[PDB]
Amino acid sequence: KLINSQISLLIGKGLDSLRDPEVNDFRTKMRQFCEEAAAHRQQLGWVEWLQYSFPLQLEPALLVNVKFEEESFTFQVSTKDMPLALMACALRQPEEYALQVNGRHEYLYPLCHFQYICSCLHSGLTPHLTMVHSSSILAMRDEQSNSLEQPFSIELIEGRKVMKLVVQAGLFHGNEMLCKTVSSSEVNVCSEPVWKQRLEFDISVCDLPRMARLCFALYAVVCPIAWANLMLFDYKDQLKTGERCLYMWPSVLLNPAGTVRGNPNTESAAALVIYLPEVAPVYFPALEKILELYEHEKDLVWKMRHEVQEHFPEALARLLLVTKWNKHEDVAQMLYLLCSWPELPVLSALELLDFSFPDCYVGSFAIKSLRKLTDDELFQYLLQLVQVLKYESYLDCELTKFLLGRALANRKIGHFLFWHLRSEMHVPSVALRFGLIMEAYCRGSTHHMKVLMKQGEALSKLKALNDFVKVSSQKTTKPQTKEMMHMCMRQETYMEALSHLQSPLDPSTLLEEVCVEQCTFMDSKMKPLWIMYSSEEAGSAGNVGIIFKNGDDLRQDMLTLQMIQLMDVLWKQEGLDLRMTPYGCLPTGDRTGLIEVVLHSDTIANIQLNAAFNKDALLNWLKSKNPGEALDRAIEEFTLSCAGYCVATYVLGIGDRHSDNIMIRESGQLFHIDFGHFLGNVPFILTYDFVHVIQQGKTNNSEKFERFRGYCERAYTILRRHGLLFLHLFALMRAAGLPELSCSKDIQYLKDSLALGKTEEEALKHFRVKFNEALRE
């Protein structure tokens, strides 16, 4: 029971009142499932458990200091040496140990591969680790255990809330209609309106595909009012026969992609009531039955269905787009080949997950092609897979079981699945499904729940704190609310709630002691908070800041930074390190989330605000933080990151860049904050005091500049190869309801910036056109 109450606070809704056997089915089925995984988990070998709880954070001569669970010993080792070898030094049997990063949830392949080690090499800090014996790891593991060929007709009985009242009714597969829409008669505005009018569609009932959905639009004429959709099949495959009442969603005219569950605010939802003509008790045929069984271009793809399977396995997608889905034989045949289809590359499955592949068998097929996804790939695509959950038609689906499975097998997966689900629980459409999934996951780690509660309580006191700061600053100076802010933070409950947590931005980072002294807040607008931490165990890698925002929408920034991080991975996985900074960014709730602070950096504007001439400002700041020899690295740091963000900002169409939202690190790395727009919703950007830095300050030094210009072009064509990768993810993201990612024209921005129609060298001469266009500043 306490566990039940804990799950209810964490996920934000109470745990029944719907007595819906679909919902009851989901919960007990998935709970058995999730408890199975948590059982398996407790029986893993101790290196298998590290892999679960602390997945290694790789990327695609050396001083290092080691202790055991207070005396440390410093060594030198080879950047090429294996953690084993390090341990063996430390011992003077190594296989009985792992290396923990001090004060992080990280354990340690040549050390040149470990994120924490390069985050130390590139930054001169000296790695500090701890030998943790395998007995002691087992302790954690243990501590964390618990036949009918008439036309389909419905009937539109009547309605309930408020010229002339039309209803439009369409039948769709995906966002394709299996026939013609039917409208109603123009009954008069006011009501509670009556229709009692049979609507009959040009489809045989034996020809509704398993995933068919009836879609209504209620509007007003001499203006739209409400929309609503449902499956003609229940979640047990039973064609549904009867009277259903349809609590409608408000509008924008049909909306086949929107949810198949009704508007839950039954107090003000227009209801549309309707009759489903019974027809005999008909369940959609089993799989085994089914297996027994320009337009000229479509016809010659249906055509050699077989040659496509034989010789073009990955063209699956566009054979599924030519398939006549209203014809049940056209579907048995296609669906018959698909049970023999060779598995597909991840890229191709990322296209199949989309909504214009509604059929649940293809969805299964797509999932099956996704079990080979590495955990690092899953993590990169994870946001899209979450948003695709909104397209599903039932609660129990391969997609949900696949995530839960992966979530429960990698704790960093589970961590982020949780926050993605939790962050939308305020959205009517999805609250039930996301709530239900967070619940099954919680019965998979009763331990991780308690860690997440901990994060939630901090996120909760940050909300209160910001609210007091918004109120307090209305009446008071910036410095007077600041010291009030600290007094509130100093209270009892705030110190306890805000301290000793895993960072929701990155669970491997630990937020221990909140440094009240160094907290502050932006005194403009939504009063975003600056919260700083320290940890004596982690040393300097314990000094970490997080920015809290309450008021702003962070979904867009998060997507943009995932994309830049994807870019940097693509680039690093072709040899090219543009030295990017994809900092953490995570919506946690309604207009609420977190930003990872990048320490030791500032804004162009703050740097320009002051040298004799403004162009000297950046270079002199760089000269100041990188003495003598060291400037030279900064200039290359600066130059690569410049090119990388020039390419990134251009592709993603991020305008509105100015000297307050472009930042620079003391290493010389330049990076962008505050995204919020993108897709133009832009020209190549470039600014002579950047040019100035790239040229070592010398008036014009075309031997530096041109190679900088070669960086940009290399990045641009690297990314241009993976343009489909970018197109497919964004396609899935249209499910997010992001306002700048609304329609088709948004995705057609990306198509252009990525010259995706043209050749590799014709796009690069066109890229060359923009780059000089932009240079004249």
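So that there is no doubt, residue numbering starts at 1 and follows the sequence shown. Here, rigid core means the biggest group of C-alpha atoms that superpose within 1.5 Å across both forms.
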| query | finding |
| --- | --- |
| Farther-lying stretch by C-alpha RMS in 9 other deposited structures of this protein, rigid core as reference, of 743-751 and 724-732 | 743-751 |
| Stretch farther from the shown model on average in 9 other deposited structures of this protein, with CA RMS computed after core superposition (485-493, 117-125) | 117-125 |
| Residue gap status of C190, at least a third of other entries | yes |
| Chain break class at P60/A61 - deposited residues not modelled | 10 or more |
| Unmodelled deposited residues flanked by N265 on one side and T266 on the other | none |
| Segment of higher mean CA temperature factor, 347-355 or 136-144 | 136-144 |
| Between the two ranges 478-486 and 588-596, the one averaging a larger CA B factor in the entry | 478-486 |
| From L383, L399, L432, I685, residue of greatest CA B-factor | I685 |
| Criterion, highest CA B-factor; candidates, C120, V647, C515, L404 | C120 |
| Chain-wide C-alpha B factor ranking for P21, given as lowest, middle or highest third | middle |
| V769 - Cα temperature factor, lowest/middle/highest third of chain | highest |
| Record-listed C-alpha B factor of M334: chain third | highest |
| Third of the chain, ranked by Cα B-factor, where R41 sits | highest |
| Chain-wide C-alpha B factor ranking for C442, given as lowest, middle or highest third | lowest |
